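Undergrad:
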Ligand SMILES: NS(=O)(=O)c1ccc(C(=O)N[C@@H](c2ccccc2)c2cnnn2CC(=O)NCCCS)cc1
Ligand SMILES: [Zn+2]
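Rendered as structure tokens:
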């Protein structure tokens with residue numbers, strides 16, 4: 004029932020998921036002047052060289068590229084994290100217009116889109132158990148701006164034709180998520196939540212400072228997707244972002260001086 008319309012969008016979610024008004028909700032606005040460098044942060048390790056992608060799925064919210072997480076293959080370690088976090092999927096949030104689409108904002112600036120690489124803490128054995136823990140997940144967030152094309156994104160753009168409507172999937176093997184990273188791994192980190200229902204407060208957020216650039220044509224292909232299922236009235240999959248939530252008693256830490 005929840006979605007991103009006037010009748011079922013983020014302002015309505017709290018009626019089915021009261022944690023929507025919780026103490027560690029995401030996303031947030033990152034006030035870069037209030038964020039503090041934290042010398043206790045260890046180097047961030049993004050280790051994706053043995054990633055094994057499997058499939059791409061339109062789940063009615065976004066599209067997810069899913070990975071084989073049955074072994075340590077593609078993992079996130081270091082930074083604010085304790086232990087090893089395994090990549091399970093990535094997806095994006097985007098706008099109807101280039102001036103909006105990201106979930107996190109930076110000094111109130113909205114980006115055209117935001118990539119979420121989702122990882123779970125291997126100490127909990129599987130994703131389902133990890134989402135019952137306050138340090139169960141780590142999401143690596145990457146902003147997208149419109150400018151030059153991102154070559155590493157093109158294979159995603161070109162399969163979207165095949166998963167236009169909710170519940171469609173396609174084989175998506177041998178995709179290398181390293182092609183979606185910016186040059187610098189400088190980040191902000193804070194404790195938060197899933198940004199969609201069930202909005203569970205399990206996430207260590209790691210949001211990169213440097214955006215990647217994608218072309219107008221690339222983001223336009225995202226906006227041709229549908230929220231609805233085949234045969235249903237066409238609802239373009241656009242503006243699938245939750246706005247910034249109250250920071251409450253949290254501190255955002257920076258990895259850079
Ligand atoms: N935006 S985010 O990175 O913060 C984020 C990351 C992961 C999930 C997620 O795994 N949600 C699934 C889940 C299954 C079991 C327990 C809890 C959560 C779920 C539940 N119903 N559908 N899904 C799939 C889901 O919503 N896919 C993520 C695409 C966001 S537009 C949601 C948001
Ligand atoms: Zn997300």
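Residue numbers (the deposited numbering): 4 to 260.
Quick reminder that beta carbons are idealized off the backbone N, C-alpha and C, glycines included.
#1: Assign residue 48 to one of three DSSP states: helix, strand, or coil.
#2: Determine the DSSP secondary structure at residue 112, reduced to helix, strand or coil.
#3: Tell me the DSSP bridge mates of residue 259?
#4: Who are the near neighbours of residue 11 in its chain, counting only those whose CB is closer than 7 Å to its CB and skipping five residues on each side?
#5: Measure the C-alpha to C-alpha separation of residue 140 and residue 133 and round it to an integer number of angstroms.
#6: Return the first residue and the last residue of the alpha helix (DSSP H) that residue 158 is part of.
#7: Suppose you measure from the CA of residue 108 to the CA of residue 142; what does that come to, to the nearest Å?
#8: Please report the Cβ distance between residue 117 and residue 245, rounded to the nearest whole angstrom; I am assuming they are in contact, meaning their Cβ atoms lie under 8 Å.
#9: Would you be able to state if there are at least three C-beta pairs under 8 Å between the region 79-88 and the region 191-209?
#10: Just mark residue 223 as buried or exposed, buried being the case when its beta carbon has 16 or more other beta carbons within 10 Å.
#11: For residue 169, which three-state DSSP category applies?
#12: Using a Cβ-based criterion (distance less than 6 Å to any ligand heavy atom), does residue 168 qualify as near ligand 1?
#13: So, under 8 Å CB-CB, residue 29 and residue 195 are touching, yes? Tell me the CB distance rounded to an integer number of Å.
#14: Examine ligand 1 and report whether any of its heavy atoms sits within less than 6 Å of the Cβ of residue 199.
#15: Evaluate residue 88 with the Cβ neighbour count: other Cβ atoms within 10 Å of its Cβ, from every protein chain shown; 16 or more gives buried, anything less gives exposed.
#16: Using DSSP with H/G/I as helix, E/B as strand and the rest coil, what is residue 180?
#17: Is the region 41-52 touching the region 182-197 in the sense that three or more CB pairs, one from each, lie closer than 8 Å?
#18: DSSP has residue 146 in a bridge; who is on the other side?
#19: Would DSSP call residue 16 helix, strand or coil?
#20: Quick check: does the Cβ of residue 205 come within less than 6 Å of any heavy atom belonging to ligand 1?
#21: Which residues bound the beta strand (DSSP E) around residue 80?
#22: Would the C-beta of residue 65 count as close to ligand 1, meaning under 6 Å from any of its heavy atoms?
#23: Given a threshold of 16 other Cβ atoms within 10 Å of its Cβ, counted over all protein chains shown, does residue 36 qualify as buried or as exposed?
TA: So, from the listed chains and residues:
#1: Residue 48 sits at position 45 when you count from the first residue of the chain shown. In the structure shown, residue 48 sits in a strand (DSSP, three-state: E or B).
#2: Within the chain shown, residue 112 is the residue found at index 109, counting from 1. DSSP places residue 112 in strand when its eight states are reduced to three.
#3: Walking along the chain shown from the start, residue 259 turns up at place 256. Here residue 259 is not bridged, per DSSP, to any residue.
#4: Numbered from its first residue, the chain shown carries residue 11 at position 8. Hits under 7 Å: 4 and 5.
#5: Indexing the chain shown from 1 puts residue 140 at position 137. Indexing the chain shown from 1 puts residue 133 at position 130. Those two C-alpha atoms are separated by around 7 Å.
#6: The residue you call residue 158 lines up with position 155 of the chain shown. Run containing residue 158: 157-162, per the alpha helix (DSSP H) assignment.
#7: In the chain shown, residue 108 corresponds to position 105, counting from 1. In the chain shown, residue 142 corresponds to position 139, counting from 1. Their Cα atoms are separated by approximately 16 Å.
#8: The residue you call residue 117 lines up with position 114 of the chain shown. The residue you call residue 245 lines up with position 242 of the chain shown. 10 Å between Cβ atoms; not a contact.
#9: Contact holds: three or more Cβ-Cβ distances are below 8 Å.
#10: Stepping through the chain shown from its first residue, residue 223 is reached at position 220. By the neighbour-count rule (16 or more Cβ atoms within 10 Å), residue 223 is not buried but exposed.
#11: On the chain shown, residue 169 is found 166 positions in, with the first residue counted as 1. Assigned with DSSP and collapsed to three states, residue 169 falls in coil, not helix or strand.
#12: Reading the chain shown from its first residue, position 165 is the one you call residue 168. Outside the cutoff, so no.
#13: Counting from one through the chain shown, the residue named residue 29 turns up at place 26. Counting from one through the chain shown, the residue named residue 195 turns up at place 192. Confirmed, about 3 Å.
#14: Your numbering for residue 199 matches position 196 in the chain shown. Checking the 6 Å criterion, the Cβ of residue 199 is within range of a heavy atom belonging to ligand 1.
#15: Residue numbering aside, residue 88 sits at position 85 when the chain shown is read from its first letter. The residue is buried, with at least 16 neighbouring Cβ atoms inside 10 Å.
#16: Here residue 180 refers to the residue found at position 177 when the chain shown is read from its first residue. Here residue 180 sits in helix by DSSP.
#17: Here the region 182-197 lies against the region 41-52, with 3 or more beta-carbon pairs under 8 Å apart.
#18: Residue 146 sits at position 143 when you count from the first residue of the chain shown. Paired residue(s): 117.
#19: The sequence position of residue 16 within the chain shown is 13, counting from 1. Looking at residue 16 - three-state DSSP - the assignment turns out to be helix.
#20: Here residue 205 corresponds to residue number 202 of the chain shown, with the count starting at 1. The closest heavy atom of ligand 1 lies 6 Å or more from the beta carbon of residue 205.
#21: For the purposes of this step, residue 80 is identified with residue 77 of the chain shown, where counting begins at 1. It spans 78-81 - the beta strand (DSSP E) in which residue 80 sits, taken as one unbroken run.
#22: Residue numbering aside, residue 65 sits at position 62 when the chain shown is read from its first letter. A distance criterion of 6 Å places the beta-carbon of residue 65 in contact range of ligand 1, judged by its closest non-hydrogen atom.
#23: Position 33 of the chain shown, counting from 1, holds the residue named residue 36. Counting every other CB atom within 10 Å of its CB across the protein chains shown gives residue 36 a total below 16, marking it as exposed.
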